[PDB]
Asker: 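The structure that follows is given in the form of structure tokens.
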Amino acid sequence: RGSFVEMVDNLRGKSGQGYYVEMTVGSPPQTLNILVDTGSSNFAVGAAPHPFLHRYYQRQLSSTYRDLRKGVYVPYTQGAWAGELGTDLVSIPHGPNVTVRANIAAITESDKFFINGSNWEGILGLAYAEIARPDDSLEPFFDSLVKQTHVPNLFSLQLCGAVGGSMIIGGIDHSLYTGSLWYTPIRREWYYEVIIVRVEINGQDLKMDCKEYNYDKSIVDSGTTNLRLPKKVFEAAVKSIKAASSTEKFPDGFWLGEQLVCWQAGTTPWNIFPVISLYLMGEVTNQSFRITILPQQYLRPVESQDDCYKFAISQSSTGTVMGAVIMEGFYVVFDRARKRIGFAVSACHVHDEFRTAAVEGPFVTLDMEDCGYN
Ligand SMILES: C[C@@H](NC(=O)c1cc(C(=O)N[C@@H](Cc2ccccc2)[C@@H](O)Cn2cccn2)cc(N(C)S(C)(=O)=O)c1)c1ccc(F)cc1
Ligand SMILES: [Cl-]
């Protein structure tokens with residue numbers, strides 16, 4: 001097919017509990033399934049038995065492992081782990097045709113980090129060194145890949161929800177999207193931080209000051225399931241989504257992610273729930289564009305003749321997190337060489353015969369440089 005064909009369809013996800021790619025570490029080779037996380041910057045692998053791991057990295061069998069004689073601990077919003085730093089050879093067999101010596105944290109203990117049944121045994125933090133632990137001197141995997149090889153400084157993700165998808169490393173594959181790509185600047189290289197300049201629920205502007213949508217940051221994060229919104233924005237958005245979906249009433253806990261609602265298999269009334277649009281700053285002064293997701297992205301299946309769903313927009317106290325809810329609508333291009341992130345409608349996103357996810361523009365939006373937090 002296109003020149004990156006052998007990286008298409010290189011991601012899997014088991015019951016929707018994270019998308020992961022196979023990575024092969026050490027010598028002789030040990031291949032493990034690695035969750036792709038654009039919200040963090042450590043490459044870390046299970047390296048000791050755990051009840052939720054089928055396999056783990058055995059350093060003593062790899063002749064090329066080098067111990068860096070330093071511990072590392074990483075806490076996330078969900079979960080934490082502790083382990084030991086070293087370096088070893090790493091290749092991605094359905095990724096670029098190169099092998100690099102990368103830092104690797106060997107996870108030896110953890111709390112609420114591994115997910116039973118998820119089939120992944122480590123994490124690949126693809127964001128930048130500023131947020132790596134123990135500190136920014138520990139080079140992240142993608143930085144090593146670009147410094148040691150010819151691979152261009154860009155990767156792109158198509159996360160296909162319900163689970164699989166593609167991680168194209170070093171380019172873009174045009175089969176994975178339709179329409180045009182539209183780009184927003186990476187505001188700052190730490191997380192993949194972006195600026196959200198307007199939010200609409202079924203065409204209706206939420207009308208908050210744009211500084212509320214980015215307080216205290218907005219990031220794109222493939223290792224977080226939900227669209228997470230700061231408190232005032234979440235409360236406002238729920239009020240508006242309730243109002244829009246008012247031909248059916250749901251208990252208050254459903255909008256808090258505490259109750260599920262189930263429909264008989266195949267009857268979910270998608271049409272009653274609104275589309276949600278986020279407008280992002282564009283590449284030209286005063287220009288923006290909008291990405292629009294469907295309830296097939298923000299109502300997530302929980303795995304009888306019953307389709308059960310959880311509402312997967314939730315409250316955050318650390319800014320807007322555009323997680324898998326947002327990314328499953330779109331092919332997302334992390335164009336680190338041009339400090340920008342591109343969105344296009346994904347060729348695999350879940351939709352129905354009446355509505356599809358969309359990426360549209362340009363719009364005119366003034367004073368966008370004021371939306372960001374300082
Ligand atoms: C793998 C699974 N992920 C979740 O279940 C999940 C993970 C986190 C979280 O902290 N993610 C960490 C990395 C990590 C990866 C794996 C385990 C723990 C943590 C970094 O990305 C952000 N981070 C950096 C510093 C602080 N935080 C938060 C939440 N929520 C808080 S939620 C419920 O979505 O609002 C839910 C998944 C399932 C389906 C998918 F399509 C995609 C992902
Ligand atoms: Cl097209």
Side-chain angles (χ1 to χ4, degrees), residues 11-13 15-21 33-46 50 52-53 73-81 107 110-128 130-132 140 157-165 167 174-181 190-193 217-231 234 256-258 297-298 300-302 310-329 331-332 344-347 349-350 356 358-359:
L11 298 185
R12 287 277 145 32
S15 292
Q17 293 163 298
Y19 288 92
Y20 52 87
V21 68
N33 291 156
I34 304 299
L35 173 80
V36 173
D37 186 15
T38 61
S40 69
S41 301
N42 283 80
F43 177 38
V45 303
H50 185 279
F52 301 160
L53 297 183
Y73 174 87
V74 174
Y76 302 103
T77 304
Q78 186 173 104
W81 60 254
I107 300 172
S110 54
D111 179 39
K112 293 186 191 170
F113 174 65
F114 301 117
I115 298 182
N116 189 194
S118 64
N119 210 29
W120 56 257
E121 291 133 359
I123 181 163
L124 174 68
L126 289 168
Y128 295 94
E130 185 169 319
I131 57 171
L157 288 173
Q158 185 202 50
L159 304 183
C160 299
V163 129
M167 176 172 60
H174 300 292
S175 70
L176 298 187
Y177 63 99
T178 57
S180 282
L181 275 160
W190 58 318
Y191 299 96
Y192 287 103
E193 184 182 1
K217 65 187 170 288
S218 296
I219 61 172
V220 182
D221 178 358
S222 67
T224 288
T225 306
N226 281 7
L227 166 61
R228 305 182 67 230
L229 296 169
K231 175 173 124 279
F234 175 71
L256 305 166
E258 292 163 2
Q297 280 72 242
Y298 65 76
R300 294 194 45 105
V302 181
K310 182 192 180 198
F311 178 67
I313 306 180
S314 69
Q315 184 176 327
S316 169
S317 61
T318 53
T320 286
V321 180
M322 297 163 66
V325 167
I326 284 292
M327 294 182 72
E328 292 178 2
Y331 181 44
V332 182
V345 176
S346 179
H349 81 279
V350 178
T356 54
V359 185

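Position 1 is the first residue of the sequence, and the numbers go up from there. Below, all heavy atoms of this structure are taken into account, side chains as well, without hydrogens, waters or symmetry copies. One-based numbering, in listed order, for ligands and for the atoms of each.
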Asker: Would you say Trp81 and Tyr76 are linked by a side-chain donor-acceptor pair, where the criterion is simply a distance under 3.5 Å?
Answerer: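 Judged by distance alone, the side chains do pair up.
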
Asker: Heavy-atom contact under 4.0 Å between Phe114 and ligand 1?
Answerer: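 No.
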
Asker: Relative to ligand 1, is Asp37 under 4.0 angstrom through side chain, backbone, both or neither, heavy atoms considered?
Answerer: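 The part of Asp37 near ligand 1 is the side chain, not the backbone.
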
Asker: In this structure, does ligand 1 have an atom that sits under 4.0 Å from one of the heavy atoms of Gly13?
Answerer: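 So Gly13 does not count as touching ligand 1.
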
Asker: With the threshold set at under 4.0 angstrom, would you say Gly39 reaches ligand 1 through any of its heavy atoms?
Answerer: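 Judged by the 4.0 Å heavy-atom criterion, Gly39 does count as contacting ligand 1.
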
Asker: Give the residue, atom name and distance (to 0.1 Å) of the protein heavy atom nearest atom 26 (C) of ligand 1.
Answerer: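 Of the protein heavy atoms, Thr77 N, 3.2 Å lies nearest.
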
Asker: Using a strict cut-off of 4.0 Å, indicate which atoms of ligand 1 neighbour a heavy atom of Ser314.
Answerer: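 Every atom of ligand 1 under 4.0 Å from some heavy atom of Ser314: 35 (O).
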
Asker: Looking at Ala127, is its backbone amide N or carbonyl O close enough to the side chain of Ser41 to form a donor-acceptor pair, meaning the two atoms are under 3.5 Å apart?
Answerer: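 Answer holds: yes.
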
Asker: Where on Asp221 is there a heavy atom closer than 4.0 Å to ligand 1, on the side chain, on the backbone, on both, or on neither?
Answerer: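 Looking at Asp221 and ligand 1, just side chain atoms fall under 4.0 Å.
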
Asker: Under a 4.0 Å threshold between the charged nitrogen and the carboxylate oxygen, would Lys310 count as salt-bridged to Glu258?
Answerer: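 Between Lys310 and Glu258 there is no salt bridge, as every charged N stays at least 4.0 Å from the carboxylate O atoms.
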
Asker: Any idea which atoms of ligand 1 are less than 4.0 Å away from a heavy-atom of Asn226?
Answerer: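 Counting from 1, the qualifying ligand atoms are 32 (S), 33 (C), 34 (O), 35 (O).
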
Asker: Could you list the atoms of ligand 1 found under 4.0 angstrom from a heavy atom of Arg228?
Answerer: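 Once the distances to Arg228 are compared, the set is 31 (C), 35 (O).
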
Asker: Can you list the ligand 1 atoms lying under 4.0 Å from a non-hydrogen atom of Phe113?
Answerer: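 Heavy-atom distances to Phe113 below 4.0 Å select 16 (C), 17 (C), 18 (C).
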
Asker: Just need the protein heavy atom nearest to atom 42 (C) of ligand 1, so name the residue and atom and give the distance.
Answerer: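 The answer is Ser222 O, 3.4 Å.
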
Asker: What about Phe52 and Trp120, are their ring centers closer than 6.0 Å?
Answerer: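 Centroid distance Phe52-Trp120: not below 6.0 Å, so no.
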
Asker: When you measure from atom 28 (C) of ligand 1 to each heavy atom in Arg300, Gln17, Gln315, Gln78, which option holds the nearest one?
Answerer: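 Of the listed residues, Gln78 has the closest heavy atom.
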
Asker: Is the ring centre of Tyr192 less than 6.0 Å from the ring centre of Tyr128?
Answerer: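 Yes - the distance between ring centres of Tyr192 and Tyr128 falls below the 6.0 Å cut-off.
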
Asker: Would you say ligand 1 has an N or O under 3.5 Å from any N or O of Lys310?
Answerer: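 No; every N/O pair is 3.5 Å or more apart.
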
Asker: Side chain of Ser222, backbone of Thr38: donor and acceptor closer than 3.5 Å?
Answerer: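 Between the backbone of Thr38 and the side chain of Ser222 there is a qualifying donor-acceptor contact (under 3.5 Å).
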
Asker: If only atom types and distance count, is the side chain of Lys217 paired as donor or acceptor with the main-chain N or O of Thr318 below 3.5 Å?
Answerer: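 Pair found, side chain donor or acceptor close to backbone of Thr318.
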
Asker: Between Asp221 and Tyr191, do the side chains contain a donor N or O and an acceptor N or O under 3.5 Å apart?
Answerer: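 The answer is no; no qualifying pair exists.
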
Asker: Using side-chain heavy atoms (C-beta onward) and a distance below 4.5 Å, is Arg300 in contact with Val325?
Answerer: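 A side-chain contact under 4.5 Å exists here.
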
Asker: With a heavy-atom distance limit of 4.0 Å, tell me whether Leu35 approaches ligand 1 through its side chain, its backbone, both, or neither.
Answerer: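 Looking at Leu35 and ligand 1, just side chain atoms fall under 4.0 Å.
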
Asker: Looking only at protein heavy atoms, which one is nearest to atom 3 (N) of ligand 1, and what is the separation?
Answerer: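 Sorting protein heavy atoms by distance from atom 3 (N) of ligand 1 puts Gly223 O, 3.0 Å first.
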
Asker: List every atom of ligand 1 that sits less than 4.0 Å from any heavy atom of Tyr19, numbering the atoms from 1 in the order shown and giving each element.
Answerer: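 In order of numbering, the contacting atoms are 41 (F).
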
